[PDB]
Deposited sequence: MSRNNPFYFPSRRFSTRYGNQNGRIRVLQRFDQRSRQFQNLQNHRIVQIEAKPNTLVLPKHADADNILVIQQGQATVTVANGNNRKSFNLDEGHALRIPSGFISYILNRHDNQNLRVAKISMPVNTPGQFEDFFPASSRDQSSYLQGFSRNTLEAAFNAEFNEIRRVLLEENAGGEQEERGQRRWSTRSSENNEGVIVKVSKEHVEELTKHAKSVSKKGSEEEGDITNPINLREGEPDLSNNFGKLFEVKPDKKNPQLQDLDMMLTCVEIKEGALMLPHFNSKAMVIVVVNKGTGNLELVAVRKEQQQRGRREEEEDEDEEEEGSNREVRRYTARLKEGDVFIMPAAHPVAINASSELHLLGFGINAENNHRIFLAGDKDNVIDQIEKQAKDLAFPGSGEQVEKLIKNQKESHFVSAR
């Protein structure tokens, strides 16, 4: 309602759902508002699959970066001439190019998996589909749409054998249950096939007693990220803590909440509908799985009720600067010239400058 920047579950539709897991696909941002039209090629998926199961083979006509949000997983990318599976624990990023086959298995015996992917449609600005080689309960094989003669010619065989072996609809859809022994071989064995990145790998950018913010960037370091102009981020906010009023200089963040709960403040600037320019606040209640859009140069503050884990997909990331409006470091206001503050602000300069030296910590403080 009030908030076009906040998307919870009811905005999440369900493409596929059985007792072994489910796959949610978030609606095209360019509907609710043109406030972020420039995000329209970025569609969000969230996946959840029970222990010892598997998301079946397919590919999309959409670029993809994939990230382990809860639990444990063994993912496989596949090529025309190459396969290459990896095991990914949480806060691990993997990139599945377009047209490349891939499947995900929940390595874990007792605990779950809750994978979150961004998708990037190639053909149609807002749209991507899946292509399954295998038919099943919930979808159809893309080889069924071929001819009797071609299939036979292609595969060197009669229609009956191809059909009986490959085409027939068997499984209860796109996520099926797996043996324990079968798993030991899929794991056993764990190009444009990039290696999996760890989003927490180095020393975190922002860090103190109340919070942490890891961030991988479009760099000479990571060649892939540089190619997409896209940064990946992870924020962790302690219970009772406050991520202070801040913003991103230029990146447009699609944030999605891993776990926990907390308190969103987003502040926009609104032409109605010498025209009055309005500072309208927007707030929202954050819960496991929620999503909030965080446009460029727009201030936000976030307070954690619970131990709060956030994931952040950044667009237009190159040379981004997360600027802060309070604290010792990354304080942008502090940097303003002293006569600059004196004239702008109601108070004197030295007084206004004194209130800035008042808050002596940096990025995260105690909420209250």
Q) Which runs of the deposited chain sequence never show up in the coordinates? A) 1 to 2, 172 to 191, 213 to 223, 307 to 323
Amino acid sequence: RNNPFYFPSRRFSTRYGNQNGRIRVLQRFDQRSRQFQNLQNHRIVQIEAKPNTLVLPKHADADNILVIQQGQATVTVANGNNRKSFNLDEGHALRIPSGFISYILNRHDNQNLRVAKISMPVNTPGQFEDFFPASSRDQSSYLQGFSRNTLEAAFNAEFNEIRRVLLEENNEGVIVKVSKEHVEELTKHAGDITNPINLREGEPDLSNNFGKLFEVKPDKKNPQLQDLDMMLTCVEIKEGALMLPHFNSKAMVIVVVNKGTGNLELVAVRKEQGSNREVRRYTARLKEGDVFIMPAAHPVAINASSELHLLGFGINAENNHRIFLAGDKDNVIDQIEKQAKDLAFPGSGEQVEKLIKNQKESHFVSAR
From here on, numbers count along this sequence of modelled residues.
Q: Higher average CA B factor in the deposited record is what I'm after, so tell me if that's 192 to 200 or 289 to 297.
A: 192 to 200
Q) Would 210 to 218 or 141 to 149 have the larger average of its C-alpha temperature factors, as given in the entry? A) 141 to 149
**Q.** Residue with maximal Cα B-factor (values as given in the PDB entry) among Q69, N320, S33, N41
**A.** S33
Q | Candidate residues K180, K259, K238, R114, the one whose C-alpha B factor the record puts highest | A | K180
**Q.** Third assignment of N52 from its chain's C-alpha B-factors
**A.** highest
Q. Against its chain's modelled residues, does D89's Cα B factor rank lowest, middle or highest third?
A. middle
Q. So where's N82 on the chain's Cα temperature factor ranking, which third?
A. middle
(Q) Can you tell me whether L232 has a C-alpha B-factor in the lowest, middle or highest third compared with the other modelled residues of the same chain? (A) lowest
**Q.** CA B-factor placement of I162, once the chain's modelled residues are sorted into thirds
**A.** highest
